[PDB]
Amino acid sequence: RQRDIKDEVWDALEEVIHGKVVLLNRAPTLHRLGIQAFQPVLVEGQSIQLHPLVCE
Amino acid sequence: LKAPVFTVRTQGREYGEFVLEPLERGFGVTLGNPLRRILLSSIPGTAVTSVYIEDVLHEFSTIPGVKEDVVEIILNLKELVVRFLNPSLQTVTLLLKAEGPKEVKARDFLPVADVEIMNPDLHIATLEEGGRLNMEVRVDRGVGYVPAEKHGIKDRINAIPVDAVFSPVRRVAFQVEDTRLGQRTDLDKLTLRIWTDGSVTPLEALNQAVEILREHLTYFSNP
Amino acid sequence: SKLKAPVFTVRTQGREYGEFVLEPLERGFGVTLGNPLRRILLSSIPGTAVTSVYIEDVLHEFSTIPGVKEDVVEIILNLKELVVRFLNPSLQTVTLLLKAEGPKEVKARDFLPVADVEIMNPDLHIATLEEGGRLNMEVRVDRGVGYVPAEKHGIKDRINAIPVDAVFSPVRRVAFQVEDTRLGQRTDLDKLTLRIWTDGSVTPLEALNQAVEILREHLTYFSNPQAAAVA
Amino acid sequence: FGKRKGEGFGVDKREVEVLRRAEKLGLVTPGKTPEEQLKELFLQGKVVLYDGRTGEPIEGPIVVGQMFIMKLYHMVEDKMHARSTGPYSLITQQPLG
Amino acid sequence: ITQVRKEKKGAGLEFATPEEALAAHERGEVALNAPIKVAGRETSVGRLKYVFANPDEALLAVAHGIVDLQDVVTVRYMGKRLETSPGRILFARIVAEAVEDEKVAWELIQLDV
Amino acid sequence: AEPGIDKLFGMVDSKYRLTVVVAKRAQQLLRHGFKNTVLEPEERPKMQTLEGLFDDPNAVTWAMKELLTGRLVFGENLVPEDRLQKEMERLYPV
Amino acid sequence: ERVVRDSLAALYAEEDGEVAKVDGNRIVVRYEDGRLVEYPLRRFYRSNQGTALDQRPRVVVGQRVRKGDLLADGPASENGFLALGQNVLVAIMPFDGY
Amino acid sequence: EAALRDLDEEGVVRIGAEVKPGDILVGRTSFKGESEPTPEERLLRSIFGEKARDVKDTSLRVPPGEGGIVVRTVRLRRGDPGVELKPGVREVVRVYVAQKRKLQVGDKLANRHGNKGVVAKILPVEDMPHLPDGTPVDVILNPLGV
RNA sequence: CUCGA
DNA sequence: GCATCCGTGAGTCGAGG
Ligand SMILES: [Mg+2]
Ligand SMILES: [Mg+2]
């Protein structure tokens, strides 16, 4: 339940992701760089933030 | 919102990084910009404003017996870091006479009461066998940056007006990064970097800057 | 050669508009002073705002009221424009009551008077009531700062109350002019003019003063340094 | 602008700076008054704009105006989705889509 | 920030002494960045009028509005008397500080473009 | 980029060998609760909590940093697998 | 205007007449024939795509209306004009990579 | 009672209730499949001394990322006037949930000339470029898109 | 199938 | 040594329904 979720679990989440990476993928995956690994920074909002230099 | 912690990191008397976090959304640049403007224009320093050299008519002349031209010597004089120990003093004239095979440093300048040269190892010119250098340099107290043809000062006819680099602060750079406190998400973290010449320390420069600003704030008092 | 304290001029038109001149200032200080004040004036000045709304026989925002032309969403949109001034500094919250009926164009004037509470825009339209149309509201107005969405504060006095987006800022607009001036033989000096538009809840001068105070207080924060524990 | 000149304000220093830059850009004719040049820019659809963070003007005049913009049905609220574990398919035993 | 101004007001006038060039510029007869010929060598007013001892001074001048980033000027950088804009010096410094190697950074970039 | 990635790539004949070493080392650390680390107390990777600096929970970070010291040995057929397991269990029990 | 009209979004006066009643739910119009016509207003209805379908009354009590005059604005309609969005003040410039 | 707070007497969420992901919209119970309790369940049952209930929770809940205000309910029951559902169906319940969506980062905007883009940043007013008269702009479009 | 990249 | 009939491929992901 979303209303049961308290602040501390977010801090815990921050410790969970520390140093870890996720894979970002955009279709169509035309070459290997259509998948890349990134160290995630948690943000408010529902959009993923992608670095400009990797767009190309 | 809890008061931010002010953190300092210095490297001698020349460089300092200043961090202020956390700040309410937007206050990072609200504080950073004015301070940067003040630090570059209003911090009291000293600078070479005028130069006289014997047997030299104008700035684009050349000196017999000296490897550098007049331009190069003037450039070196721009990098001279002179400190006034007595707050009363407004201006000094520094004399320098040397000849023969010698490399003139800032050390060579004839000492004056309550006038400290922070960089005595600074190169001024090299003279050759029979080379003679006789010069008088005017040093004034002021702020900011004043081009040669804007103060245009001359004690004599062949005195060369010099771009006055008063500002003891060489460079200011600041950055604002997003930061969080618990679940306060849009907070600011101000990081200020300050380069000085050594006459005034980065921390001293900042403290003067915030004092100048604080004082200007009191001007909204008596209509 | 060091420029000293400049003249500070104040011009005002009612409680809504104000001009504040400072001259002469050293070159570049018009911006140095002008902009931080503008940033604080637009963002950090405490004010008042409708934070909650209860309407009788209305269960939620997505409703219509018999005999009322406007839907509840539109009514709340109108109430977001209500400007309320508190005379007492201690007063944090007020519940305005509106009881209306019959054929009439309800204005903000129709709220029942409350001690130490003044409506700065009494001609503000709220709803158009028809023959047989009835409207009984309780609006909660709070002190606050900045922009607080209904989703964030969730303020509800009673079960069927509707949280309202709160724009607390009493400052409507801020501009500043930097004009060329001179004193004695000095040229390129700055004349700074702050132009402030408020809603009347607080005067431009009050806003300027607490903005200055906020900035000064922030300048205080450089007072106690600390060694970096990074090394 | 006439409103401004009526309210008792002259041309701004920053505006003068931008006008110098604009003269360099060949956007305004050199020799004219600040008002005439600002008018030329405005006729090109451009105005002086101040950076809200610094209060310093953008070094060039900027195209500013009203535009009709729509919000499309593609809202991120309807698109954000994540899964740790969840239902699997009957035959393949692979996660559902 | 790395493009330089090219001006037409000066339009290739000949001058004997640089003071005459500065004079003409002061009159409003020669643009700061217009290609002229003082003595025999080709140059411009800006390269004579503003001669900075180091990048810091030039950028300080930029901050004070003395010159713009695109103005062609004389700056002393790494023991060299360079005729370039403050903007290209700024780019050079951006690279240099990014890579933490002033020498290599100087070798890598193409300054005159 | 990962700190010292160029040196790490310089340490191996194939980048994939680097990955294998880092991964196996990470597993060794996780299996023995980091008690088998070759890092001195001041070299320990840290993570900023709400309280303060604590040990970095990420064993791959640890592994790479250890690899940068030169205190690790890698190669094929250094020791029978079960012998390695038993010796590490003896020195650092689970 | 033709788009709004032909899509049957908005409500229009059938003939000349006088507006008798105005409500968030309904508009009653008295036409020249003397007949009272009541137009119920669709309020907060759900379309196929979940967007809101509702009609807002754009007349007031006692208002004199001619044939084909606007009675209620449908969704995406501002006084009978197709209203697919918002008129905003824009600046055309780069901004810090955002 | 916390989880059942906004449910009416019949087990349907009330009009006007704000529902969030996880919240129940319609309560429903289903008789469990023929349970052969594993020995663990038997022992645990003995420890806590509570009979396992005959029915289980099969309620309609708000899916992740959804929710808002309940605005309408519809209930169709078998054995009632005008109502006949598909064979075996005792009753059908529908709940309508309205939300007011503010523009957010990631929402798609467009003009009539084919210029389109998602909102990447929402700036506070003091950060916006502004006219000399103090008027901030609303939207900043990149010239490179032209 | 229709829509999106 | 050469035309004729048959079988088979024809981008990705995602969304709605
Ligand atoms: Mg922030
Ligand atoms: Mg010069």
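Each chain gets a letter, A, B and so on, in the order the sequences are listed, and its residues count up from 1. Note that these values count all heavy atoms, side chains included, but never hydrogens, waters or copies made by symmetry.
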Please give, in whole Å, the distance from [N] [atom2] to [X] [atom1]?
{"X": "D/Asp78", "N": "J/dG14", "atom1": "CG", "atom2": "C1'", "result": "14 Å"}
{"X": "D/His74", "N": "J/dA15", "atom1": "NE2", "atom2": "P", "result": "13 Å"}
{"X": "D/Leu72", "N": "I/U2", "atom1": "CG", "atom2": "P", "result": "20 Å"}
{"X": "A/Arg32", "N": "J/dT12", "atom1": "CZ", "atom2": "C1'", "result": "21 Å"}
{"X": "D/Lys79", "N": "J/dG14", "atom1": "NZ", "atom2": "P", "result": "13 Å"}
{"X": "G/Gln49", "N": "J/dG17", "atom1": "CD", "atom2": "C1'", "result": "10 Å"}
{"X": "D/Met80", "N": "I/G4", "atom1": "CE", "atom2": "P", "result": "23 Å"}
{"X": "D/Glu77", "N": "J/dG16", "atom1": "CD", "atom2": "P", "result": "14 Å"}

Work out which heavy atom in H/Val83 is nearest to a heavy atom in H/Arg77; give both atom names and the distance.
->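 Scanning both residues, the minimum pair turns out to be CG1-O, 3.1 Å.
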Where H/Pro124 and B/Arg25 come nearest, the two heavy atoms and their spacing = CB-NH2, 3.6 Å
Sugar of J/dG7, judged by the sign of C1'-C2'-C3'-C4' (positive north, negative south), puckers south
Check whether NZ of the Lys or CZ of the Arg G/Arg26 lies under 6.0 Å from the centre of the six-membered ring of G/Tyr39 and within 45 degrees of that ring's axis.
->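 The answer is no, since G/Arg26 fails at least one limit relative to G/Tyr39.
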Among the nucleotides J/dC13, I/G4, J/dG11, which one has an atom lying closest to any side-chain atom of A/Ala27?
->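 That would be J/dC13.
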Out of I/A5, I/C3, J/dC13, minimum distance to the side chain of H/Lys116 belongs to I/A5
If we take the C1' atom in both I/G4 and J/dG11, what is their distance in whole Å?
->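 I/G4 and J/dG11 have their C1' atoms separated by 15 Å.
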Check: G/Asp73 side chain, G/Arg56 main-chain N or O, donor-acceptor pair, under 3.5 Å |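 Here the side-chain-to-backbone pair does not exist.
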